[PDB]
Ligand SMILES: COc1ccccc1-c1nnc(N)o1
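Below you will find one chain, with nothing else, as structure tokens; this is the form solved without the ligand, and questions on how it binds or moves follow later.
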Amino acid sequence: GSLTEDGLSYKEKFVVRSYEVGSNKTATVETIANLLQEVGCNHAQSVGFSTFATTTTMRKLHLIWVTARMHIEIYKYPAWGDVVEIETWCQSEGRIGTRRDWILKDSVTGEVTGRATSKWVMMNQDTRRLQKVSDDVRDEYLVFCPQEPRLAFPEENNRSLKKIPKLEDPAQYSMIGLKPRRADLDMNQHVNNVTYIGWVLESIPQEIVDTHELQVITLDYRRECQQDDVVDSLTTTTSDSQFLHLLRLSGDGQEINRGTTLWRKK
């Protein structure tokens, strides 16, 4: 890992591991999600913003960054043993939050094999509840960001900004009774964001996963799943195959996540 020449982005190479791949000997979308999160964490560390990726006024008001939206598009999943180079950068979205974008490339050819975008909001670190975003904690990190607009999804009306509807009962498919284990928690005993992607895909029938490849995943994070919570994952086909997804707590039916996935025949 190393910051690029202008110090406005970070790049890192990963060799795909035997246990990180699926039945097609290529990296799963959850492995990709963890690789995106790891290169995000090393970019914050390399510029002096790690203690959580936080700024000086955030540390004082006790605010942390939390994911509100994750959008990934994969054109080619890396094979077991292949080297994948990822480039990451951040940009402010005014006083509404921040964005982190990624570009995945094949190290051998330099060809783009995927791309991601994420929306981040402020949250009180002690209570774990959402709080406003002010310009007080804005100028302190914008010098480590590209100045002109730079997006992984620049195109007008692109899939990453599409409004997601809420799934109406009954769901076509479901996986009920999902619970997090210690391996699903992060260093601060909180459920890893990549877990929710896995839980979302659990309600997709195996026949689909065996005959199709996942091209697009958009996921909105409404509420976090606590260590002792139990989640149901619901899916209904809306179509290439398209699915509408809903993660909710088993007891009260409180929404934790909503999303959409797009799959293509192999």
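Only residues modelled in both forms are compared. Quick note: we count residues from 1 along the sequence shown, nothing fancier. Basically, rigid core = biggest C-alpha set you can superpose within 1.5 Å across the two forms.
The same protein has a further form, the form deposited with the ligand bound, not shown here; the description that follows concerns it.
**Report entry** Partner contact for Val216 in the deposited complex: the ligand, 4.5 angstroms, heavy atom
**Finding:** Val216: no, not in contact with the ligand in the deposited complex.
Query raised in the report: Using 4.5 Å between non-hydrogen atoms, is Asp232 touching the ligand in the deposited complex?
Result: No, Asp232 stays farther than 4.5 Å from the ligand in the deposited complex.
Report task. Answer with yes or no whether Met123 is in contact with the ligand in the deposited complex, where contact means some heavy atom within 4.5 Å. Result -> Yes.
Query raised in the report: So in the deposited complex, does any heavy atom of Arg115 sit within 4.5 Å of the ligand?
Result: Answer no; every heavy atom of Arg115 is more than 4.5 Å from the ligand in the deposited complex.
Requested in this report: May I ask you to list the residues of 54 to 89 that have any heavy atom within 4.5 angstroms of the ligand in the deposited complex, in sequence order?
Outcome: Sequence-ordered list: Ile64, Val66.
**Report entry** Out of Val83, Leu130, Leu161, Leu142, the residue that alone shifts its CA by 2 Å or more between this form and the one not shown when the rigid core is the reference
**Finding:** Comparing the C-alpha positions, the one residue that moves 2 Å or more is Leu130.
Query raised in the report: Looking only at residues in both forms, which consecutive runs of at least three have C-alphas displaced 2 Å or more between this form and the one not shown after fitting the rigid core?
Result: When the rigid core is held fixed, residues 126 to 133 make up the only run that shifts.
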